[PDB]
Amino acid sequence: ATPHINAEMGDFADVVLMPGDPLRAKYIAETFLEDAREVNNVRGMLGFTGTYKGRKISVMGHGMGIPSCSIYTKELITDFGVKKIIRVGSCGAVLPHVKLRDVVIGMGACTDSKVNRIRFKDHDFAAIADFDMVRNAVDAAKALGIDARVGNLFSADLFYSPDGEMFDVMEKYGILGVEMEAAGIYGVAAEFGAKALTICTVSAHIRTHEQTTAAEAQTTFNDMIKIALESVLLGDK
């Protein structure tokens, strides 16, 4: 019923978890949700709806990059009644003791994209998460006994940057993770009046060159998923 999602109103829950990888979305649905049913396959960007401890929850890929996730998050918000989006992604670390598989929560997201300047008359829009969603994730992580650091992400347009110097700048300003979506989703949420949060798992260290495998990112970043799901239940009250 939308140009990139073959589904109808009601097919999605009012909260959607979104990794960039549709195969991770499939894994999450098969592993964490009961009675999961596929609700989208357009362009292979798989989305599912099921229950978690009785709560109706959806999970769907958003693809890589600001332009990709801006399409899907917009369509979910304006045409599927989605009120909350929780991005559950991977990121690269620049800080010395942020390590592989650490969970980080993006209360804010820097970017080298032009999308928000386009929205905001070429000034600086502070791309931020919903505060209550941030707090729910923090509280859920505490209850699960999982460490999670809250701060700034950097949403990059170029995974392969010609400007390695920017990584030193990011590190100097305390950037917790480099990914490619948070700032765009946060812009969409502000534009169309919904609520968003990005939680990432560290899948690479940009300095040490340590990194997980594609298979590991697809199916073993479960801490962030437990946090995301439990945080929804806290949100419901």
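Residue numbers run from 1 along the displayed sequence.
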*Between 28-36 and 59-67, name whichever shows the higher mean Cα B factor according to the PDB entry.*
28-36
_Mean C-alpha temperature factor, higher of 149-157 and 92-100_ = 92-100
*With respect to the C-alpha temperature factors reported in the PDB entry, which of 18, 228, 9, 15 ranks highest?*
9
*From 124, 75, 139, 112, pick the one with the largest CA B-factor in the entry?*
139
*So where's residue 213 on the chain's Cα temperature factor ranking, which third?*
highest
*asked:* Using the temperature factors of the C-alpha atoms in this entry, rank residue 82 within its chain: lowest, middle or highest third.
replied: middle
*So where's residue 118 on the chain's Cα temperature factor ranking, which third?*
middle
*Would you please rank residue 187 by its C-alpha temperature factor against the other modelled residues of its chain and give the third it falls in: lowest, middle or highest?*
lowest
*asked:* Quick check for you: using the entry's CA B-factors within this chain, is residue 46 in the lowest, middle or highest third?
replied: middle
